[PDB]
Amino acid sequence: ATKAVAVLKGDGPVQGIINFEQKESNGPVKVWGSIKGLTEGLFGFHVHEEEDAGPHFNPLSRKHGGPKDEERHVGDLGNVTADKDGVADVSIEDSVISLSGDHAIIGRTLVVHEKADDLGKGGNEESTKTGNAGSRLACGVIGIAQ
Ligand SMILES: [Cl-]
Ligand SMILES: [Cl-]
Ligand SMILES: [Cu+2]
Ligand SMILES: [Zn+2]
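For reference, each letter of the sequence shown is one residue, going 1 to 52, 60 to 153 in PDB author numbering.
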């Protein structure tokens with residue numbers, strides 16, 4: 001098993017610790033943790049390309072989708088849901104991201120957005136790029152667990 005952590009920080013109050021674990025080099029990745037400082041609602045949650060306003064991590068050159076869509080970016084992890092006091096519990100199992108190999112998400116940037124991801128079902132081309140999720144509230148590099 002390979003383990004990773006991203007520490008989400010932003011310019012506002014949004015912060016959190018997100019864990020990743022992958023038992024087999026080609027097995028599903030479990031993603032979990034809590035994000036605080038939000039407001040009640042749905043917020044886009046993706047792996048972005050940045051390592052060093061960049062696009063979603065997309066090594067296979069696909070269009071944007073929800074996590075369970077046949078057409079999606081590798082980074083497309085959908086939405087997290089925060090309650091009235093601004094806490095979202097993240098618990099995701101994903102088959103497309105990986106922590107090893109040619110397309111490993113290690114070193115890329117995890118992002119939580121200001122608004123909801125429309126899962127590529129929106130009425131414009133932007134929907135097929137970013138899900139119309141808007142600006143970033145918090146981000147953090149995905150690093151191998153120390
Ligand atoms: Cl980016
Ligand atoms: Cl907005
Ligand atoms: Cu995003
Ligand atoms: Zn995407």
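For every residue, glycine included, the Cβ atom is placed at its ideal position computed from N, Cα and C.
Contacts around residue i, its chain only, beta-carbon distance under 8 Å, and the 5 residues preceding and following it disregarded
i: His48; result: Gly61, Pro62, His63, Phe64, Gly82, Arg115, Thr116, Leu117, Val118 and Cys146
i: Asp52; result: none
i: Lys9; result: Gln15, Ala145, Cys146 and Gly147
i: residue 55; result: The residue list of the chain ends a segment at 52 and starts the next at 60, so residue 55 has no coordinates to report.
Collapsed DSSP secondary structure at residue i in the structure displayed
i: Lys36; result: strand
i: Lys70; result: coil
i: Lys9; result: strand
Contact test: residue i Cβ vs ligand 1 heavy atom, cutoff 7 Å
i: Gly61; result: yes
i: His48; result: yes
i: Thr137; result: no
i: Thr116; result: yes
Ligand 5 heavy atom lying under 7 Å from the CB of residue i
i: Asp76; result: In the structure shown, ligand 5 is absent; the only ligands present are ligand 1, ligand 2, ligand 3 and ligand 4.
Identity of the residues DSSP links to residue i by a beta bridge
i: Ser98; result: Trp32
i: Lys128; result: None; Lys128 has no bridge partner.
i: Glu21; result: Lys3 and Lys30
i: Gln15; result: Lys36
i: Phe45; result: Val119
i: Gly61; result: Note: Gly61 sits in no beta bridge, so no partner.
Beta-carbon proximity list for residue i, same chain, < 7 Å, skipping 5 on both sides
i: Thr88; result: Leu42 and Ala95
i: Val148; result: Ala6, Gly114 and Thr116
i: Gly93; result: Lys36, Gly37, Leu38 and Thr39
i: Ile17; result: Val5, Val7 and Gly33
Proximity test, residue i beta-carbon vs ligand 4 heavy atom, cut-off 7 Å
i: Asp101; result: no
i: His71; result: yes
i: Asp83; result: yes
i: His110; result: no
Contact test: residue i Cβ vs ligand 2 heavy atom, cutoff 7 Å
i: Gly141; result: yes
i: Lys122; result: yes
Close-in-space but distant-in-sequence residues of the same chain around residue i (CB under 6 Å, 5 per side omitted)
i: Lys23; result: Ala1
i: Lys122; result: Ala140 and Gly141
Residue i beta carbon near ligand 3 (any heavy atom closer than 7 Å)
i: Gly16; result: no
i: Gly147; result: no
Inset, instruction - Scan the stretch 72-118 and note each continuous beta strand (DSSP E) run of 3 residues or more that stays entirely inside, going in chain order. - result: 83-89 and 95-101
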